[PDB]
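Peer 1: First the structure, which I've put down as structure tokens, then a few questions once you've had a look.
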Amino acid sequence: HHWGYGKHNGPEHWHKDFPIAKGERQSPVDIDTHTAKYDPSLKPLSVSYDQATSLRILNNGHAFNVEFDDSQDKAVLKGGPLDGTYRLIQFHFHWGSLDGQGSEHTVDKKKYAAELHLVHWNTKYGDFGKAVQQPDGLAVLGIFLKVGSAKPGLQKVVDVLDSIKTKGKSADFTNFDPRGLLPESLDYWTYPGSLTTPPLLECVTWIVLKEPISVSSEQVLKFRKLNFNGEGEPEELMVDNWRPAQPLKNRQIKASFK
Ligand code: NI
Ligand code: NI
């Protein structure tokens, strides 16, 4: 709770507390769409969110986390590059100060206005805390946001943010359907990587959807009204909470589509 996104505590500093920041499988990365190899071996991706059950939303001083009840076999990601089954625990976003930046992954160096991360843990390790200690512990579905038409399924999120403005505030947040945040297509890129915030663990199979979602300007402007600070400290708007692209280091990015 000293790391952040600023000049003196941002991404270029994180390696001091977290040496893995300079590791061999760090995220995000630029997705070079011409270099990515179509992989006919990938099985169909399966997103089964019909029983997802949200519990709460928290401003953690970095982003806001929508946390789900993951105590039962509900809200599962499987197939694609995955072996076994991964359970949804939370989602969050990364976004910019301006529409021209905000995403963590880039596509041929293109930055989107924001990116959504749906975080799932491998059920073979029994819970999230043990899964993050394993190289195949997590599967994160990444979805790019562009500014245009509103996303009606985002509006419940946008409307609770005024209740969690500052670091440490949380609220009850039930019956949120994450299916309303998906694009039409499940075409994706996949590669082995890491968490994009400290502790930067190399435990993620990344699945980045090719098709962005559209959100309105007014929706992302409400993201940018959150605060990094806690109440009673100077106001610092919660913007630019994205780590830039890291070295690919001879990993391969595979495409699900030709
Ligand atoms: Ni700290
Ligand atoms: Ni993230």
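Residues are named by chain letter and number: chains run A, B, ... in the order of the structure tokens, numbers start at 1 in each chain, and ligands are numbered from 1 in the order shown.
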Neighbours of ligand 2 within 10 Å, counting only C-alpha atoms and all ligand atoms, as JSON, numbers by chain?

Peer 2: {"A": [27, 28, 63, 65, 91, 92, 93, 94, 103, 104, 115, 116, 117, 118, 119, 140, 141, 142, 194, 195, 196, 197, 241, 242, 243]}

Peer 1: Considering only strand (DSSP E or B) as DSSP defines it on the backbone, what residues of region 151-233 of chain A qualify? List them as an MDAnalysis selection string.

Peer 2: chainID A and resid 170:172 188:193 204:209 213:215 227

Peer 1: Might you pull out every residue within 12 Å of residue 129 (chain A), with only C-alpha atoms counted and same-chain residues fewer than 4 positions away left off, and present them as a ChimeraX atom specification?

Peer 2: /A:89,120-123,125,133-134,137-138,201,203

Peer 1: Select the residues contacting ligand 1 at a distance of at most 10 Å, based on only C-alpha atoms and all ligand atoms, then format the selection as a PDB file with N, CA and C atoms, in the first residue's frame.

Peer 2:
ATOM      1  N   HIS A   1       0.886  -1.237   0.000  1.00  0.00           N
ATOM      2  CA  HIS A   1       0.000   0.000   0.000  1.00  0.00           C
ATOM      3  C   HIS A   1       0.897   1.253   0.000  1.00  0.00           C
ATOM      4  N   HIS A   2       2.080   1.045  -0.541  1.00  0.00           N
ATOM      5  CA  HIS A   2       2.962   2.111  -1.015  1.00  0.00           C
ATOM      6  C   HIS A   2       3.181   2.097  -2.547  1.00  0.00           C
ATOM      7  N   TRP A   3       2.941   0.968  -3.283  1.00  0.00           N
ATOM      8  CA  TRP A   3       3.069   0.855  -4.741  1.00  0.00           C
ATOM      9  C   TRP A   3       1.811   1.444  -5.342  1.00  0.00           C
ATOM     10  N   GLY A   4       1.975   1.936  -6.545  1.00  0.00           N
ATOM     11  CA  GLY A   4       0.903   2.580  -7.251  1.00  0.00           C
ATOM     12  C   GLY A   4       1.253   2.802  -8.701  1.00  0.00           C
ATOM     13  N   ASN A   9       6.243   5.669  -7.433  1.00  0.00           N
ATOM     14  CA  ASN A   9       5.861   4.315  -6.941  1.00  0.00           C
ATOM     15  C   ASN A   9       5.227   3.441  -8.029  1.00  0.00           C
ATOM     16  N   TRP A  14       8.427  -1.137  -9.361  1.00  0.00           N
ATOM     17  CA  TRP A  14       7.860  -2.311  -8.698  1.00  0.00           C
ATOM     18  C   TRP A  14       8.881  -3.451  -8.523  1.00  0.00           C
ATOM     19  N   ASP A  17      10.558  -4.167  -4.828  1.00  0.00           N
ATOM     20  CA  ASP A  17       9.859  -5.011  -3.909  1.00  0.00           C
ATOM     21  C   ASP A  17       9.536  -6.377  -4.529  1.00  0.00           C
ATOM     22  N   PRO A 198       1.543  -5.945  -8.437  1.00  0.00           N
ATOM     23  CA  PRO A 198       2.171  -6.681  -7.358  1.00  0.00           C
ATOM     24  C   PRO A 198       1.199  -7.633  -6.689  1.00  0.00           C
TER      25      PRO A 198
END

Peer 1: Got a sec: who's within 8 Å of region 207-216 of chain A, counting only C-alpha atoms, leaving out chain neighbours fewer than 5 positions off, as a PyMOL selection string?

Peer 2: chain A and resi 139-151+154+181-191

Peer 1: So, counting only C-alpha atoms, which residue among A:177, A:231, A:32, A:136 is closest to residue 152 (chain A)?

Peer 2: A:177

Peer 1: Could you give me the residues within region 91-256 of chain A that DSSP places in alpha helix (DSSP H), as a PyMOL selection string?

Peer 2: chain A and resi 128-131+155-160+217-223

Peer 1: May I have the residues from that selection written out with N, CA, C and O atoms, as a PDB file, in the first residue's frame?

Peer 2:
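Resulting contents of out.pdb:
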ATOM      1  N   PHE A 128      -8.177 -19.749  -4.383  1.00  0.00           N
ATOM      2  CA  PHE A 128      -7.390 -18.745  -5.087  1.00  0.00           C
ATOM      3  C   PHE A 128      -5.983 -18.593  -4.469  1.00  0.00           C
ATOM      4  O   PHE A 128      -4.973 -18.498  -5.226  1.00  0.00           O
ATOM      5  N   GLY A 129      -5.874 -18.563  -3.128  1.00  0.00           N
ATOM      6  CA  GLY A 129      -4.567 -18.310  -2.528  1.00  0.00           C
ATOM      7  C   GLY A 129      -3.497 -19.371  -2.854  1.00  0.00           C
ATOM      8  O   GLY A 129      -2.340 -19.121  -3.016  1.00  0.00           O
ATOM      9  N   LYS A 130      -3.939 -20.624  -2.949  1.00  0.00           N
ATOM     10  CA  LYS A 130      -3.030 -21.659  -3.344  1.00  0.00           C
ATOM     11  C   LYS A 130      -2.848 -21.650  -4.875  1.00  0.00           C
ATOM     12  O   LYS A 130      -1.736 -21.976  -5.341  1.00  0.00           O
ATOM     13  N   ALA A 131      -3.916 -21.345  -5.651  1.00  0.00           N
ATOM     14  CA  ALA A 131      -3.761 -21.329  -7.093  1.00  0.00           C
ATOM     15  C   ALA A 131      -2.685 -20.328  -7.564  1.00  0.00           C
ATOM     16  O   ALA A 131      -1.928 -20.599  -8.490  1.00  0.00           O
ATOM     17  N   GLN A 155     -23.812  -0.600 -16.718  1.00  0.00           N
ATOM     18  CA  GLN A 155     -24.401   0.562 -15.999  1.00  0.00           C
ATOM     19  C   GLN A 155     -24.581   0.279 -14.511  1.00  0.00           C
ATOM     20  O   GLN A 155     -24.303   1.194 -13.679  1.00  0.00           O
ATOM     21  N   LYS A 156     -24.944  -0.942 -14.088  1.00  0.00           N
ATOM     22  CA  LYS A 156     -25.058  -1.217 -12.614  1.00  0.00           C
ATOM     23  C   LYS A 156     -23.746  -0.954 -11.876  1.00  0.00           C
ATOM     24  O   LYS A 156     -23.732  -0.475 -10.719  1.00  0.00           O
ATOM     25  N   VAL A 157     -22.620  -1.319 -12.546  1.00  0.00           N
ATOM     26  CA  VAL A 157     -21.312  -1.047 -12.001  1.00  0.00           C
ATOM     27  C   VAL A 157     -21.103   0.466 -11.890  1.00  0.00           C
ATOM     28  O   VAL A 157     -20.709   0.970 -10.810  1.00  0.00           O
ATOM     29  N   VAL A 158     -21.266   1.188 -12.984  1.00  0.00           N
ATOM     30  CA  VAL A 158     -21.029   2.615 -13.044  1.00  0.00           C
ATOM     31  C   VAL A 158     -21.823   3.330 -11.946  1.00  0.00           C
ATOM     32  O   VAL A 158     -21.307   4.188 -11.245  1.00  0.00           O
ATOM     33  N   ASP A 159     -23.042   2.884 -11.667  1.00  0.00           N
ATOM     34  CA  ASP A 159     -23.981   3.590 -10.765  1.00  0.00           C
ATOM     35  C   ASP A 159     -23.614   3.360  -9.278  1.00  0.00           C
ATOM     36  O   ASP A 159     -24.045   4.195  -8.488  1.00  0.00           O
ATOM     37  N   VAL A 160     -22.832   2.311  -8.913  1.00  0.00           N
ATOM     38  CA  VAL A 160     -22.441   2.095  -7.474  1.00  0.00           C
ATOM     39  C   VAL A 160     -21.124   2.793  -7.181  1.00  0.00           C
ATOM     40  O   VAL A 160     -20.790   2.888  -6.028  1.00  0.00           O
ATOM     41  N   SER A 217     -18.619   7.356 -23.368  1.00  0.00           N
ATOM     42  CA  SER A 217     -17.729   8.302 -22.759  1.00  0.00           C
ATOM     43  C   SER A 217     -18.179   8.522 -21.315  1.00  0.00           C
ATOM     44  O   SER A 217     -17.339   8.647 -20.410  1.00  0.00           O
ATOM     45  N   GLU A 218     -19.503   8.702 -21.096  1.00  0.00           N
ATOM     46  CA  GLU A 218     -20.023   9.007 -19.761  1.00  0.00           C
ATOM     47  C   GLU A 218     -19.733   7.857 -18.773  1.00  0.00           C
ATOM     48  O   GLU A 218     -19.439   8.069 -17.608  1.00  0.00           O
ATOM     49  N   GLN A 219     -19.764   6.637 -19.275  1.00  0.00           N
ATOM     50  CA  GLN A 219     -19.438   5.470 -18.433  1.00  0.00           C
ATOM     51  C   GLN A 219     -17.975   5.508 -17.974  1.00  0.00           C
ATOM     52  O   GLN A 219     -17.679   5.358 -16.810  1.00  0.00           O
ATOM     53  N   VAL A 220     -17.035   5.648 -18.922  1.00  0.00           N
ATOM     54  CA  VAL A 220     -15.619   5.707 -18.510  1.00  0.00           C
ATOM     55  C   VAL A 220     -15.287   6.977 -17.713  1.00  0.00           C
ATOM     56  O   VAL A 220     -14.467   6.891 -16.787  1.00  0.00           O
ATOM     57  N   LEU A 221     -15.961   8.118 -17.986  1.00  0.00           N
ATOM     58  CA  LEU A 221     -15.755   9.338 -17.158  1.00  0.00           C
ATOM     59  C   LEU A 221     -16.117   9.034 -15.701  1.00  0.00           C
ATOM     60  O   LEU A 221     -15.483   9.579 -14.807  1.00  0.00           O
ATOM     61  N   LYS A 222     -17.104   8.159 -15.436  1.00  0.00           N
ATOM     62  CA  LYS A 222     -17.430   7.808 -14.058  1.00  0.00           C
ATOM     63  C   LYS A 222     -16.347   6.930 -13.418  1.00  0.00           C
ATOM     64  O   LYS A 222     -16.031   7.079 -12.218  1.00  0.00           O
ATOM     65  N   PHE A 223     -15.696   6.029 -14.165  1.00  0.00           N
ATOM     66  CA  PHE A 223     -14.517   5.339 -13.656  1.00  0.00           C
ATOM     67  C   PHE A 223     -13.457   6.328 -13.173  1.00  0.00           C
ATOM     68  O   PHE A 223     -12.834   6.146 -12.118  1.00  0.00           O
TER      69      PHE A 223
END

Peer 1: Of the candidates A:246, A:256, A:106, A:166, which one gets nearest to residue 232 (chain A) if we count only C-alpha atoms?

Peer 2: A:166
